[PDB]
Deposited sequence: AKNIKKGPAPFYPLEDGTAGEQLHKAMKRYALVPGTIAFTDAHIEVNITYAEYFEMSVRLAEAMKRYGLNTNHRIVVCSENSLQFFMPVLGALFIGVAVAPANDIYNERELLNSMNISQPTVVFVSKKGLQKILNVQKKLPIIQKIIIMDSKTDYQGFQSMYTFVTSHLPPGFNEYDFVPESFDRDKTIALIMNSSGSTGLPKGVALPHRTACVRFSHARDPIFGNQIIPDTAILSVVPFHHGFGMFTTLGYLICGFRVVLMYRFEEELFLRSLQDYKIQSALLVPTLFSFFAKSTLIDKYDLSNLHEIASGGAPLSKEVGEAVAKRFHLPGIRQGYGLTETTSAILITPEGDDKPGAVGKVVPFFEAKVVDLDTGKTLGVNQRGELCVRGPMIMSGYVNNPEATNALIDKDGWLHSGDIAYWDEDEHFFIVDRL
């Protein structure tokens, strides 16, 4: 067991209750401080506060409950990153309805394939995705109700979130008396995510509650510090964006988003919103390695730049760190089947080329590619991980599940890795 790498102790113990209960508890607390910003849209410059966000999510929860949705139902949220995206997401977590994020700009075909797995009864969609959802509905009439996200009034005959809510709230509904549903966090699916044809990945509420431990951890996440703002350019419909944003909400952070990358807008949003931490996909890292405009901006509040979800070379990492006058790069590794990152750069413990260390509650090992036997330091082999954020299985695909997770609960990542003397993990790119 000398060669099984173990995750440290979480700074805070893992709270009880569902992921909806934990999100509801914390967002209510932030709702009660007027003017606490939850999301800022850098394109349209509008802020929405925790009070606005909490109340509309609670209203959506109760409206979905009075409509008839329960743990036997799934919704789809199909929308690019927006101020509205997490309203139906939170509302459905509050009542144990599973949420299937759909890749907003997917062509009709991949939308159909994602949604054929997830079998949603109600679809929330932004205006520019409506016609595709309509076409998917022709082939999957289990879709019985379509709700427009970025409207206040009805749009093209369909209810908005706001008119849908007032259609089903009881008289005298009180947003601050509402109690989120209580249920078995291990068996109630919180999210159905699309795999890297893609499979549906069922994630129980428990895996998000573990993520929330990491999110608030001073070592493996962000210190809950007032007036902390994040600038994230990560799609909400994949696991990297989904569970960093849910964690930032748990921490009461200001989540500044852009859904169309622009060099000047991004750098000016870093400066004007006094971003402390910036969240990029690795191909935008490759971009800012080439940028020669960073020195024009006041990035003194910038404490970290973070990457995940795809290979990042050590050289690109160091090049970006230099461009932004930072000691290094914060990084994380995970799979959709893993909920979120299970290898994370601890704060200030950064090492170039490394993806980080095993997170609290998890264990990781490297196994020989021919045998399966546990290798020691620096030996290269397959990365295997085990912990409470592993998915419960692929949706209606038990064989693909078992190919990936053996009877003892190790997940075979299909990646080549090694850990070093200080226990940092490196992912070896096959080519």
query	finding
Deposited positions lacking CA coordinates	197 to 200
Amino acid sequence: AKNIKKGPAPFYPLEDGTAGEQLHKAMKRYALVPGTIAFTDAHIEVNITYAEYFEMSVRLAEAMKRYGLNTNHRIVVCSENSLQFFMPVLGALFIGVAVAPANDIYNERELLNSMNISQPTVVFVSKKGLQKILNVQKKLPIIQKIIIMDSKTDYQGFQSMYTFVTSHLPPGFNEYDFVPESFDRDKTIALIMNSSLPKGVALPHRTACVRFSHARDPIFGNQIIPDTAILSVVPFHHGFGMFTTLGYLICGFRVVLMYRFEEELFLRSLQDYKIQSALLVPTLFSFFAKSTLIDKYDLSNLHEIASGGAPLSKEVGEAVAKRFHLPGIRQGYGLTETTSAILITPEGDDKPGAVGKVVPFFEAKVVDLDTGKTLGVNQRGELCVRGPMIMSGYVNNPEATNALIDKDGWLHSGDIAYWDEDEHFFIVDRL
From here on, numbers count along this sequence of modelled residues.
| item | value |
| --- | --- |
| Given 185 to 193 and 218 to 226, the range whose Cα B-factors average higher in the PDB entry | 218 to 226 |
| Greater mean Cα temperature factor according to the PDB record, 71 to 79 or 309 to 317 | 309 to 317 |
| Per the PDB entry, maximal CA B factor within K152, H168, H205, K351 | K351 |
| Which of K145, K357, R268, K290 ranks first by CA B-factor in the deposited coordinates | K357 |
| Third assignment of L411 from its chain's C-alpha B-factors | highest |
| Third of chain Cα B-factors occupied by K373 | highest |
| Third assignment of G334 from its chain's C-alpha B-factors | middle |
| Third of the chain, ranked by Cα B-factor, where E304 sits | middle |
| Assigned third (lowest, middle, highest) for the C-alpha B factor of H43 | lowest |
